[PDB]
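Considered here are two forms of the same protein chain, supplied as structure tokens in two stand-alone entries, structure 1 and structure 2.
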Structure 1
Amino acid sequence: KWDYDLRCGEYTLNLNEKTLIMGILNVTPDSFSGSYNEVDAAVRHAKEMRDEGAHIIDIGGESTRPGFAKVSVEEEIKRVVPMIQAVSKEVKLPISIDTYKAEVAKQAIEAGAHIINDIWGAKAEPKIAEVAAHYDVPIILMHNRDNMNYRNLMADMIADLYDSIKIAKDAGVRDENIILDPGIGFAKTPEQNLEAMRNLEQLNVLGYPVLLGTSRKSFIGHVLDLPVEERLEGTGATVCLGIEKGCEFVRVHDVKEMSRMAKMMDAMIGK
């Protein structure tokens, strides 16, 4: 199916043999504070996920709360750089950096990170694509927008995704460095979120690997009527349908559980 491999510095990801699991490592400060406690705790969680079946570590320090502190750019670099340096040293796994800021990604790669995960799809700081250009890394372009005016959800999603790919390409990014994401949980009502799930397969005609990020999200809450810590089965279900719909990556909190489900789908869908 894919006639190429995802090239990340010393690591090489195969897009055909199995659904690739991206482990979420949330590194967002809950107060102003680098210290051993945090970095150490991030490493052990990364190690856990590696043990549990993860193929990628997604380090993000921009989660949007509640309970998280507002962090300025130069502050996020000081916080997120040490995290990257230690994890990539003790956890032999490619790391993505979950940011939409250009100067953050720059420093994250320099500090040893391999993939950019942009939740704004180069739209917030188009500069980020140039950083993606230079260091020649894979960049994940997520569907997002600043409003919810959709004529036709899927058609508009695909349009926005292409506007992103354009910015990427014009800055220098090769096709083989581009991953797409429907941005489930972003600027979509619970109903649109469902629709986008139901119609994921359409993104495949763009010709890029697709990554899905639905782990624990509110729309699962809305359907199942369940708080964030009780959305494993919901998440599960989304991961299954996402894989049946042709996704190549899933970005999840429950690496152990999700990994077995991804494995069971791969067998069934014949991956």
Structure 2
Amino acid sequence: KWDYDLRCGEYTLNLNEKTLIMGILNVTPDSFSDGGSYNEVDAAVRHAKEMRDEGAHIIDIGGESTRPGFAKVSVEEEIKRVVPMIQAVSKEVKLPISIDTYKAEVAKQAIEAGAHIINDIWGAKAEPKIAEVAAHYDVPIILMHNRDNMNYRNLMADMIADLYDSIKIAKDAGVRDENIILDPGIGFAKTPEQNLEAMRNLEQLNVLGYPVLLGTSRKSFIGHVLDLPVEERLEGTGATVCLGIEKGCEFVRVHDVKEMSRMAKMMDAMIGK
């Protein structure tokens, strides 16, 4: 299937063995500090250890500026928060770390503090220098589908075109094919019905020739279908993980590592991965 492994500093991720589980770590900020506090960093570390024990292969770390909060915050603030988290987790948890940012300087500091993968919800379109950061450090970058509108002509054809535009930015900066990962940006810039249409047609992304990460965990469109609140979306998230693996996804990004890691492993066995 894939004729290379994803190279991640001291770690290596095989793309053929198994669906790779990316566990989500959102910062719980301490009031009274701008970052690096005991309660805040220790909560991150404990959470990353639990996700490791439950089957995570990557730990995805996000500051305040990114999902789910989108706090308007300066890069200098975002770095006081994320850097301490990355330093502690990387030392204490033996797994590659992705940094969830669309900001080039936040990416550059995170990698220096120990992060191995950039995860960009804007696909190098909000800050094209992030791809130069990726190129220099020679790390994998995940380019997610996103736009500032939902005026689509043809949902899937436009997603592929938009993702191409990210690939071109990355490649023009020096990013090697082997360090490109794509993500359909489910739950971004899409109506509920479009999110479902994209799930139904996900296998089309594979024609671009890159590994695909699916990130649907606890998203609004699941609530829209099941009419359930965020804490009762486990089964709905599971359905999307399974349909994703069936349609060829190499990664899933999830909050509930124990459960989705068992679902992934069952799916892998069924489809023959």
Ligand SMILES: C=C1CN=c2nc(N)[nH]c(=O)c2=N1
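Shifts are known only where both forms have a C-alpha. The term rigid core refers to the maximal set of C-alpha atoms that superpose within 1.5 Å between the two forms. Please note that residue numbering is based on structure 1, beginning with 1 at the start of its sequence.
Enquirer: Quick one, which of these two is the form solved without the named molecule?
Expert: It is structure 2; that copy is the form solved without the named molecule.
Enquirer: I want to check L226: does it shift between structures 1 and 2 by 2 Å or more at the Cα, with the core superposed?
Expert: No; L226 is a residue whose C-alpha shifts by less than 2 Å between structures 1 and 2 when the cores are overlaid.
Enquirer: 2 Å or more on the CA of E52 between structures 1 and 2, with the rigid core superposed, yes or no?
Expert: False for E52: its C-alpha shift is below 2 Å.
Enquirer: Against the rigid core, is the Cα displacement of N204 between structures 1 and 2 at least 2 Å?
Expert: No, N204 moves less than 2 Å.
Enquirer: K70: how large is its C-alpha shift between structures 1 and 2, with the rigid core as the superposition reference, in Å?
Expert: The shift comes out to 3.8 Å.
Enquirer: Superpose the two forms on the rigid core, then give the C-alpha shift of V27 between structures 1 and 2 in Å.
Expert: Rounded to one decimal, the shift is 1.1 Å.
Enquirer: Provide the displacement, in Å, of the CA of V250 between structures 1 and 2, taking the core as the superposition reference.
Expert: Between its two positions, the C-alpha of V250 lies 0.2 Å apart after core fitting.
Enquirer: Where exactly does the backbone move between structures 1 and 2? Looking for runs of 3+ consecutive residues, each with a CA shift of 2 angstroms or more after core alignment.
Expert: Runs 28-32, 62-71 stand out as displaced between structures 1 and 2 - each at least 3 residues long.
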